[PDB]
Every structure is written in structure tokens, then in C-alpha cells.
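Take a look at the structure set out below.
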Amino acid sequence: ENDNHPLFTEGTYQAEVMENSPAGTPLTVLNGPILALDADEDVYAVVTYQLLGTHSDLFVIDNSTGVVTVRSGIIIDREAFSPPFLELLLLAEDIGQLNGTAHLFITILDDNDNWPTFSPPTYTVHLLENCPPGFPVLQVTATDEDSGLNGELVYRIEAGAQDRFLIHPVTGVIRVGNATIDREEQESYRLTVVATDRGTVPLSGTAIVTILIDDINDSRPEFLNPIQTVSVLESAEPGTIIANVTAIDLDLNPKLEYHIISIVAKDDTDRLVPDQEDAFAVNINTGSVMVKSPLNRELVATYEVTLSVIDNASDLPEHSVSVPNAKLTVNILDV
Ligand SMILES: [Ca+2]
Ligand SMILES: [Ca+2]
Ligand SMILES: [Ca+2]
Ligand SMILES: [Ca+2]
Ligand SMILES: [Ca+2]
Ligand SMILES: [Ca+2]
Ligand SMILES: [Ca+2]
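Numbering (the authors' numbering) for the sequence shown: 1929 to 2263.
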């Protein structure tokens, strides 16, 4: 006769299984083997095992041994279960269909199968020139759908910083290093930033950060021909172009004006001649220098002309005028 029914060794079985485990991978069952005993003699003592519940379909149970395995056809993916926990009903039956039950609590262990990804992959940011050391430029962030160390990200810059920007490993905040940021030295930067996780086989994602340097007008105009000495015929008439000073300004929208700052005039015997500030003129826009007053060697034999260029657009008074000024020496030849 059938005087007893199956009875499991435990009431709850605590199992675990790694995600992406192949079909036939058996559950790791932490509290003894799954096992139901039936106290009858002979035929009424053998048990058949079933396995039931929402998510039973991911597994198979051996109906004779009660061992439990990943089914073929299916993929166990931790990232589709939050929490990462399955509960199932174990049912043991005997030949007269009397039965017993137990629980199967399965933890889905994490595998580092998701990359740190950046949304968006690219970053474009403007940064004004001459910023102090430590100026925060922008903050990047990567997402990683894994957990624990498999989802915890260290940021770094793989290349492009050129010892001028630094990134906070945790926050992913990029800041100016201890180094000058001069738009005249470099207009833009292209950083590659790596976000790396802490999985045993670590995974990394990367982002392009383009850093565009905005302009302050802070660079002084430079004469390209600072010293010049030219000999002019005493018969050279007013209006005659005799020389030409030219300057470059490396800022974005310079408004260069040219000026004669002094004219020092001298005798053939080297003695000074006063009130010769009208001898020559310079074009304010072109830096073209012209004879303006009629000439004579035995009145003035040489002129030292000093010239300067100012950047009207300048944002810094200190970097608005030429250093050095242009020197033009005009030696008068006899006729
Ligand atoms: Ca029985
Ligand atoms: Ca997965
Ligand atoms: Ca995972
Ligand atoms: Ca990961
Ligand atoms: Ca500058
Ligand atoms: Ca500038
Ligand atoms: Ca300038």
C-alpha cells in the first residue's frame, strides 16, 4: 500500500547560476542535492520530479534524479531580471500521484557582458582662452548595464590632452591641467576618453571630446620688418611712397592701425634739427610710408622714424601695441 508521500530534504533550496551558461549547465545548488524521500516500501517509494513556475521554461528537471539544468533554445540574461532572482516550485510525485513540494530560489550570477557605452559617443565644447589651472571644461559619462565591479567605471584620457587637460577618474569631469591655454598656440583639441569597467576581463568604451578654444583678443601685433634703412633722393617729391611697414596679429579679428610715433632729424654734421614731425607720413591701414615734406640733404641728411601698430580690437591694453616698434632710418642722398 501507499501509506506515505514524497518529502524533500529541504523546504527551500538555494541555487545559483551564472548568466550566458550553455544548455545543460547544471544549477549550482548550495544546500545539498535536490532530493525527496518517500517512506513506503518498493514501487510506492520511487519519486518523479517536476519543476513549476513563472520562468520554469528556462530550465529542465531530470524527472528521476531531480537535477536541474539550463534548457537549450534559451539564453539566461541577468540584465532581463531585476531583481536577478528566480523562484520556482519543486514538486515530487509517487506512482499513486501523492506528492510533496519544495522551493527553488535561484540567484542569477553576473557576467561582465556589457560594455561601458557613451551616449552620445561624441562631445563638442567651447572653452575660453586663458583659464586658470583646474578650470572645469565639461563632464562626460558612460553607462554600463552590468553590476558590482562589472558596472563600476574608471575614466581616463587615452590620447590628445598633451599635458594640458586632466580627467577625474570617478566623476569623468575634465578640467584644465596646470598649463596655459592659448588659442594662438592651439585653436582646438581632440581628446579620446576611455571609460573602463572593473570586470575580471575588463571592458572599455571610448568617446571623442573635441575642445574648441574661444578667442580673447590678447596677442600684440608684431612687425615683420622691425628695422629698415632706406636712402632717398633729395629730389623725392611729396606723396612718394618710400617704405612699407607690415605687421601680423594672430588674434581672430584684429583692427590694426599704423602710426608715426617720432621723427628725429639730423644735420650732415650730426647736429639735431627740431620740428620735423611732418617730414614723412604713414598710411593708417596699409603701413605704407610716404615722403610728405620736400627734402634737402644740407638741411636734414638723415631721419630716424619710429612707427607703431595698435590693435583697436584689443581686449587687453597691455597687448595692444607693438613691442618692439618699427624703426625706419631714412638717409637723404644728394643730387
Ligand atoms: Ca508513497
Ligand atoms: Ca547578459
Ligand atoms: Ca551582465
Ligand atoms: Ca561591463
Ligand atoms: Ca593668447
Ligand atoms: Ca587670442
Ligand atoms: Ca591683438
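C-beta atoms are modelled at their ideal positions from N, C-alpha and C, and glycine is treated no differently.
DSSP three-state assignment for residue i, whether helix, strand or coil
| i | result |
| --- | --- |
| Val-2129 | coil |
| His-1933 | coil |
| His-2247 | helix |
| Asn-2027 | strand |
| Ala-2241 | coil |
| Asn-2078 | helix |
| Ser-2116 | strand |
| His-2096 | coil |
| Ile-2155 | strand |
| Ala-2107 | coil |
| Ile-2141 | strand |
| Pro-2061 | coil |
| residue 1914 | No answer is possible for residue 1914: it lies beyond the span of the chain, which begins at 1929 and ends at 2263. |
| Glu-2150 | strand |
Sequence-distant residues of the same chain with beta carbon closer than 8 angstroms to residue i, five excluded per side
| i | result |
| --- | --- |
| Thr-2174 | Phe-2151, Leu-2152, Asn-2153 and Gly-2215 |
| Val-2158 | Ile-2170, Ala-2171, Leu-2256, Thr-2257, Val-2258 and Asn-2259 |
| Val-1945 | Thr-1953, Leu-1955, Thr-1956, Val-1998, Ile-2004, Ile-2034, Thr-2035, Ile-2036 and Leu-2037 |
| residue 1869 | Examination of residue 1869 is not possible in this model, given that the chain is present from 1929 through 2263 alone. |
| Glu-2165 | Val-2219 and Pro-2222 |
| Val-2053 | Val-2065, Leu-2066, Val-2137, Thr-2138, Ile-2139 and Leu-2140 |
| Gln-2156 | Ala-2171, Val-2173, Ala-2254, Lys-2255, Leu-2256 and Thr-2257 |
| residue 2273 | This structure gives no information on residue 2273, because the portion of the chain shown stretches from 1929 to 2263. |
Cβ-based neighbour list, residue i, same chain, cut-off 6 angstroms, excluding 5 preceding and 5 following
| i | result |
| --- | --- |
| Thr-2050 | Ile-2136 |
| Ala-2123 | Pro-2044, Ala-2070, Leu-2081, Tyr-2083 and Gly-2133 |
| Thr-2230 | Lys-2194 and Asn-2259 |
| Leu-2180 | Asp-2143 |
| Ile-2212 | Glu-2185 and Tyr-2186 |
| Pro-2064 | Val-2101 and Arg-2103 |
| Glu-2007 | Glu-2073 |
| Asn-2106 | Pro-2061 |
| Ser-2000 | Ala-1951 |
| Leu-1958 | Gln-1942 |
| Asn-2145 | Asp-2179, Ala-2241, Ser-2242 and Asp-2243 |
| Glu-2205 | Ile-2191 |
Residues bridged to residue i (per DSSP)
| i | result |
| --- | --- |
| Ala-2254 | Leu-2235 |
| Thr-2045 | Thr-2071 |
| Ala-2087 | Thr-2120 |
Neighbourhood of residue i by C-beta, 7 angstroms cutoff - its chain only, sequence neighbours within 5 removed
| i | result |
| --- | --- |
| residue 2266 | Within the shown structure, residues of the chain are numbered from 1929 to 2263, placing residue 2266 beyond reach of any answer. |
| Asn-2253 | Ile-2189, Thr-2234, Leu-2235 and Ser-2236 |
| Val-2129 | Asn-2040 |
| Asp-1968 | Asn-1930, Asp-1931 and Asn-1932 |
| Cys-2059 | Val-2104 and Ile-2109 |
Could you give the uninterrupted runs of the beta strand (DSSP E) lying entirely in the stretch 2162-2239, keeping only those of 3 residues or more? 2169-2172, 2184-2194, 2208-2210, 2216-2219 and 2230-2239
Would you call the stretch 1976-1983 and the stretch 1947-1960 in contact, with 3 or more CB pairs under 8 angstroms? no
Okay, do the stretch 2013-2030 and the stretch 1958-1978 touch, 3+ Cβ pairs below 8 angstroms being the bar? yes
Do the stretch 2004-2015 and the stretch 2101-2121 make contact, defined as three or more Cβ pairs closer than 8 angstroms? no
Secondary structure, beta strand (DSSP E): runs of 3+ residues fully inside the stretch 1942-2024: 1976-1980, 1987-1989, 1996-1998 and 2013-2021
Using 8 angstroms as the Cβ pair cut-off and three pairs as the minimum, do the stretch 2128-2148 and the stretch 2191-2200 touch? no
Stretch-stretch touch, CB-based, cutoff 8 angstroms, three pairs: the stretch 2110-2120 with the stretch 2016-2025: no
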